[PDB]
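*Asks:* My structure is below; once you've seen it, I'll send some questions.
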Amino acid sequence: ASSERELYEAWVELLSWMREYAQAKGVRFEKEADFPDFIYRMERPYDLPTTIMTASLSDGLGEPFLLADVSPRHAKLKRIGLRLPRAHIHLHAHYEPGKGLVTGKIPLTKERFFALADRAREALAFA
Amino acid sequence: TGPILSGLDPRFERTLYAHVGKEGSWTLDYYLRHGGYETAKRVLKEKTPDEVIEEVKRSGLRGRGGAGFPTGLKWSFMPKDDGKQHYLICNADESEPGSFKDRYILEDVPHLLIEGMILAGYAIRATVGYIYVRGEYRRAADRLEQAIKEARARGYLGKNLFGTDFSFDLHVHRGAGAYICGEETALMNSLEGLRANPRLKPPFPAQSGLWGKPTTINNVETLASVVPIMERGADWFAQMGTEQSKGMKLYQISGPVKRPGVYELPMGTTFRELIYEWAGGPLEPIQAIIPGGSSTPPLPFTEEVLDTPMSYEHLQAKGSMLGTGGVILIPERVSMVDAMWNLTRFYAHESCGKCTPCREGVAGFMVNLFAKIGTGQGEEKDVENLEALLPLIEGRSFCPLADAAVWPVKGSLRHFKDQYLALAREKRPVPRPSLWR
Amino acid sequence: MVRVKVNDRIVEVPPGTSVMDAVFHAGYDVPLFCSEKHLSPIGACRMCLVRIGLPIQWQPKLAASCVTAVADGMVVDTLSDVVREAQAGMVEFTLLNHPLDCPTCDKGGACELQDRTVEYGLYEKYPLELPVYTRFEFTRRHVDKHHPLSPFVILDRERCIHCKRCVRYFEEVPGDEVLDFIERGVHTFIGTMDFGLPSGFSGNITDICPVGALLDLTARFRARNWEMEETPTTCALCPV
Amino acid sequence: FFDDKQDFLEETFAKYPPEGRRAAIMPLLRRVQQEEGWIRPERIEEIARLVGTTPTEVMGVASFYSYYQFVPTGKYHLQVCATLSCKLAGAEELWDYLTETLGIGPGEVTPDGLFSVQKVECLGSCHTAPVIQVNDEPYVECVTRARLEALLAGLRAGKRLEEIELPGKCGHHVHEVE
Ligand SMILES: NC(=O)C1=CN([C@@H]2O[C@H](COP(=O)(O)OP(=O)(O)OC[C@H]3O[C@@H](n4cnc5c(N)ncnc54)[C@H](O)[C@@H]3O)[C@@H](O)[C@H]2O)C=CC1
Ligand SMILES: Cc1cc2nc3c(=O)[nH]c(=O)nc-3n(C[C@H](O)[C@H](O)[C@H](O)COP(=O)(O)O)c2cc1C
Ligand code: SF4
Ligand code: SF4
Ligand code: SF4
Ligand code: FES
Ligand code: FES
């Protein structure tokens, strides 16, 4: 259906939170990779709101501890994903209408993500 | 009656699972009071290693991990004398779903296993041996270390055992719950301090095992089965089962049945006998059964199937195989698509990542194919493609885990591809009824 | 020496020869990712598959020519339809989750994956039917990108196809273990706890990586592989 | 961490050949897990220095197995078996109800500070499904809604698993389903 749209919109919203945390704890954030269907679209028209697909929070050593990704424009089984490297931790969120951004059945709010990234910073970050 | 054991004939003698559950059966005193450790005493001072190897060779005892290779011939492949230290490996990693039989052997009757390991160590000149247990079995590990401590106190594991020139010692090593680490060549890596990516099979562990020493790995059920064989006859062992399946077997069953669990039964009992006489008959209509473990291809619920003797040969001639005898009943209330869904997601959780086909196809493609089909997204295209996908994975992987993923799906198509097409052509998610209370 | 037969040719070859070397010495060809010169062959990419007969006694499953020893009077088949279809399938599995970076990838034209893909992939299916390249229409694997492991080496964990070349080398050639995988499954990735990359011989992985994962930062974004003018010479920094 | 306990290190390294010190990476790591709740990088550096190898190899090893945790977990890390048998006994609905009630992700921890969730493959008790394990301990088997909620109410009040009233019968090696 059309929920996809808001999902990408919601996806953009997610990025904001990430950036905010960067200023809070003074930790390095990096834009990892942009959309291929936006680089390699030559004349084809493009309606998506933002051009960024993958980003991450890297520690002082540059090694990431938190990764966030969004599904491409034409792929099947679209989702938004989160991963903690080296910790065997994967989260798979959808956008359910009325509820909001939810990890499966459980809502994914700003506070939950802030806590998760703070835990990763305290635990996994080497320096 | 003509001498052949295929079921509930009254001449059957429970040997391994007898003392399971009996309070205090893990005391060395319990094992002693029932005649324990006598067989070790006789074999160590009477028989030579080649003799105890010939004994198990004639026993018809085949590998109890699911392979079926004659452990007698297996030990006959060992160097059998080289001057180097050898190792005997107890493979206590029990990770196949539907398999819960060896757990309670480890928890309640350890000294049976210790005697069997002493016998095998005498046979293969193994002075030290290791027991590798999975990180989910803590009660069994506690009881095993307690039993080893007791045997070490009362002189069963020492510099020289019982005056003869043989020595033996055991050491426990607890795992951390990784299915592939059960692989005989990957287990050695995992213990050695490496990542568990399998080793090359053309060099066998009989010729190059732990730390380069000629180690031999046998299943827990095999080691335990050694003791009665040496105790009361090898022919007595071979008295059970068909001409290719000698001895008894620890069957176990799970699913919507009245009383699931373990039964120490001869090789060849019909599925009807097991489910109905023992487990009390199913609780819901079953659409299929998975006989061996999870890795085995499902077979339909048929009368000509219910009459099938569970053995190394009768299942072979029916397309499936007898891995562990751990049967799981799949009812019509759950779609086959959902069953193999969970199976493929499980095998994807546990892949090591060395082979491109298993790692990529299984963990990225195959599971995604099943997801699209059974989530109300699939099309016939996905079912055709997944059908063609399996032969591209089966033949070529470093360890058979990859084949372990396709064969259950392979058969699942050859009997139930039609089902998928429905879920493909109806664009319907798998049914999700409430099953738990 | 042992006599081998590849599809039309008979070759003398010393006994300890790998089937792969007997194919190439015989003049045929076979894909190659896992194995490398001076590195322990282990069947990992499953690209080196051939057909083997040792009597006509065809093997049930495809033989790994990178870790197969050769026996006297063996038949090796690299042109059978089954072998070509299987090699194309494995290429499909390998490129399944690749990041779509070729035009901006520093590896560019001198990328073994590109060449073996255009070599063996897309078996001739039988019409002038409109062909489909990839079946994978799902979400690809995304991990950390353009990460400098060291002032000389940059790391793209997405481009790694999970061969063993850098870790095999690191244990074997210098004897300095400063690299290995972290997790398993498809989530496996390369990492380190030794950050300075202390070994004095790390640069060679830059050349070995059949993908652009590990690239030379001092030569990142200067020119394309074909564009550079090559001058073969000898280094006079030290007397070797 | 292992500075305090040198008798344990001697005992563990005596179990392996003098060249097979690296085997000890397995038990040593495990001792950290149950002691501190999660594995810190300092633990891995110490294991490497004691055992004479590189922290990279040890980290690859530790991250190879599912049991070893590298982030904080609750005091009670509810490991939910999701395999075929346990699902057929309702691991779907069990997992859904558990996670939706606690409101946690598998990576994060409840704000109460004692409840974490994680899916696990076959726990080797299939006839008594569904099954759940608490961080190292014998499984709480035959998990029905009453059994789960009673275990939760007991653990919430500081009851040791060894002392909690569990309704229903859990067979030893066979079990009657009614
Ligand atoms: N948890 C469980 O109970 C599980 C059980 N299984 C079962 O176990 C099986 C795995 O067994 P494998 O390790 O594949 O054994 P296999 O069938 O390849 O070989 C049997 C044994 O004999 C040895 N052997 C075979 N051919 C030989 C030869 N020519 N020369 C010398 N030694 C030789 C092998 O090294 C091995 O120890 C699966 O096929 C499945 O049926 C599989 C997965 C899990
Ligand atoms: C990928 C893989 C996983 C395996 N997992 C187990 C296991 O979990 N438990 C087991 O007893 N055997 C397992 N095996 C079979 C081993 O071959 C087994 O330890 C060995 O055959 C013991 O020999 P035996 O059956 O002759 O006694 C596995 C084999 C493979 C290839
Ligand atoms: S089939 Fe290959 S990739 Fe899969 S677990 Fe076995 S060795 Fe690893
Ligand atoms: S590694 Fe090779 S195939 Fe991959 S993006 Fe770079 S050039 Fe393309
Ligand atoms: S980073 Fe490159 S060389 Fe290393 S394993 Fe991956 S593909 Fe091979
Ligand atoms: S070439 Fe033999 S598998 Fe890599
Ligand atoms: S299925 Fe959950 S314990 Fe075996």
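To match Swiss-Prot, the residue numbers of chain C are left as they are there, and the shown ones run 1-55, 73-143, 148-261.
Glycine residues also receive a Cβ, built from the backbone N, Cα and C atoms like all the rest.
Straight from Swiss-Prot, here's the annotation block:
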- C:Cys34, C:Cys45, C:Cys48, C:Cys83: [2Fe-2S] cluster binding site (BINDING)
- C:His115, C:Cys119, C:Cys122, C:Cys128: [4Fe-4S] cluster 1 binding site (BINDING)
- C:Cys181, C:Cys184, C:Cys187, C:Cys230: [4Fe-4S] cluster 2 binding site (BINDING)
- C:99-138: domain '4Fe-4S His(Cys)3-ligated-type' (DOMAIN)
*Asks:* My list of binding-site residues is C:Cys34, C:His115, C:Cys119, C:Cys122, C:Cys184, C:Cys230; which of them have a Cβ under 8 Å from any chain B Cβ, in sequence order?
*Replies:* none
*Asks:* Report, as numbers and ranges, which residues of the same chain sit near the domain '4Fe-4S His(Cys)3-ligated-type' (C:99-138): CB under 8 Å and 6 or more residues beyond its ends.
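*Replies:* The answer is 29-33, 45-47, 49-51, 79, 155-157, 161-163, 166, 177, 179-180, 182, 207, 231-233, 236-237, 240-242, 245-247.
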*Asks:* Are there any residues at least 6 positions away along the chain from C:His115 ([4Fe-4S] cluster 1 binding site) with a Cβ closer than 8 Å to its Cβ? List them or say none.
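*Replies:* C:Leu130, C:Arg161, C:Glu179, C:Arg180, C:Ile182 - these are the non-local Cβ neighbours of C:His115 ([4Fe-4S] cluster 1 binding site), listed in sequence order.
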*Asks:* Near C:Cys45 ([2Fe-2S] cluster binding site), how many other Cβ atoms are within 10 Å of its Cβ?
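*Replies:* Neighbour count, Cβ to Cβ under the 10 Å cut-off: 27.
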*Asks:* In terms of Cα spacing, which of the binding-site residues C:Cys34, C:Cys83, C:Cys230 are within 10 angstroms of C:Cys128 ([4Fe-4S] cluster 1 binding site)?
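*Replies:* Matched binding-site residues: C:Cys230, sequence order.
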*Asks:* Checking proximity to ligand 5 here: which binding-site residues out of C:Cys83, C:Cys122, C:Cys187, C:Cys230 have their Cβ closer than 6 Å to it?
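*Replies:* From C:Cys83, C:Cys122, C:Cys187, C:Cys230, counting a Cβ under 6 Å from ligand 5 as near, the near ones are C:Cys187, C:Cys230.
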*Asks:* Looking at the binding-site residues C:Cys48, C:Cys128, C:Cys230, which one has the fewest other Cβ atoms within 10 Å of its own Cβ?
*Replies:* C:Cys128
*Asks:* As a quick check of your reading of DSSP, tell me how many residues in the domain '4Fe-4S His(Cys)3-ligated-type' (C:99-138) are helical, how many are strand and how many are coil.
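*Replies:* Per-class counts: 26 helix, 0 strand, 14 coil.
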*Asks:* At the Cα level, what's the spacing in Å between C:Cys83 ([2Fe-2S] cluster binding site) and C:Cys187 ([4Fe-4S] cluster 2 binding site), rounded?
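*Replies:* Counting only the Cα atoms, the answer is 17 Å.
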*Asks:* Identify, among the binding-site residues C:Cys119, C:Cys122, the residue whose Cβ has the fewest other Cβ atoms within 10 Å in this structure.
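*Replies:* Lowest Cβ count within 10 Å among the binding-site residues (C:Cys119, C:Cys122) is C:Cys119.
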*Asks:* Considering Cα atoms only, can you say which of C:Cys34, C:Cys45, C:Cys48, C:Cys119, C:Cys122 is the nearest neighbour of C:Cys230 ([4Fe-4S] cluster 2 binding site) among these binding-site residues?
*Replies:* C:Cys34
